[PDB]
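Undergrad: before the rest arrives, take these chains from my complex:
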Amino acid sequence: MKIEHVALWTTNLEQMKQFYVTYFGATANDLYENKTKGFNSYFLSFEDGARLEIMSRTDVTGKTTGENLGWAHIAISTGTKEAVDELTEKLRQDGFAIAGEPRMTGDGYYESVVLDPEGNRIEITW
């Protein structure tokens, strides 16, 4: 038993795909489509481990206000401290929101926290 994937409801599917592909080295599979339900999805694969399922459908439309009970974030590890700093700066210069500057957290992670094109939290870990 293990986590096969984590899924994300998205409003602009292609914009999101090319974000994770550009910045986190993800590989996309073929677009899946269910015209009847207005549903579209991609599975993004990383080096190994869990995949990210990005999906959208015409009825999934509501935005959540702040920090609430439920799924909180995902953490992508980069392997080193230097890697977190380098990626956080590439994202900054490309205009993304840096919610958390790189640092050692009290629970022992060297990470930064950035927001994807639709505001979702991602911890960029070593």
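TA: Received it, and whenever you're ready, just let me know what you need. Numbering: from 1, shown residues only, chains lettered A, B, ... in the order given.
Undergrad: what about the residue nearest to residue A:51 when sequence neighbours are not counted, distance to residue A:55?
TA: What sits nearest to residue A:51 in space, not counting adjacent residues and going by C-beta to C-beta, 6 or more residues apart in numbering, is residue A:5, at 4.2 Å. Placement of C-beta: from N, CA and C, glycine included. From residue A:5 across to residue A:55, the span is 11 Å (C-beta to C-beta, to the nearest Å).
Undergrad: before we move on, what about residue A:4?
TA: Counting by C-beta to C-beta - residue A:4 and residue A:55 are separated by 15 Å.
Undergrad: can you list phi and psi of the nearest residue to residue A:39 once chain neighbours are set aside for me?
TA: Distance criterion C-beta to C-beta, 6+ apart; nearest residue to residue A:39, sequence neighbours excluded, is residue A:57 at 4.1 Å. Main-chain torsions, residue A:57, degrees, to the nearest 10: phi -150, psi 140.
Undergrad: now for chain B, put it on the one above:
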Amino acid sequence: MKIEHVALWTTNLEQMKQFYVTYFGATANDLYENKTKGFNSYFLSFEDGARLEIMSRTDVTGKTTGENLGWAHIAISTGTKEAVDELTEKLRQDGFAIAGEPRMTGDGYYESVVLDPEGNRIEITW
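TA: Adding chain B to what we have so far:
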């Protein structure tokens, strides 16, 4: 680069820990605590791959109404079709909500969908 963990805001931390430990074979680490911010957390490890970070803090209190933009669910694989059926039934008999009966989905997964003690979606995959 890869997904190190997926995090979940929780209202009853211990209840949630023993759920994932009981049903999905997860192993918990030591409770982390930041008394100043009212924060508590556990990291649950599976066979390998991404971990599940279950956390709570006195200010994270709001519930989200339906299916919205943002993190959608996580999928735990069990390895076989038979395993999905067996686990979905154990969960049913123990009173958990079966949102989706086991079946082959159009995107090629044999899975069921159950709700954890706090209503979060989990796809139980083969």
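Undergrad: now chain A against chain B: closest residue?
TA: residue A:71 (3.3 Å; C-beta to the nearest C-beta).
Undergrad: tell me where chain A has strands.
TA: A:2-9, A:27-28, A:32-34, A:39-45, A:51-57, A:70-77, A:98-104, A:110-115, A:121-125 (DSSP state E).
Undergrad: nearest to residue B:25, of the ones you listed?
TA: Smallest distance to residue B:25 across the strands of chain A (C-beta to C-beta): 9.2 Å, for strand A:2-9.
Undergrad: can you report how many residues neighbour the nearest residue to residue A:83 once chain neighbours are set aside?
TA: With sequence-adjacent residues excluded and distances taken as C-beta to C-beta, 6 or more residues apart in numbering or on different chains, residue A:83 is closest to residue A:126, at 6.7 Å. Counted with other C-beta atoms under 10 Å in any protein chain shown, the neighbours of residue A:126 add up to 18.
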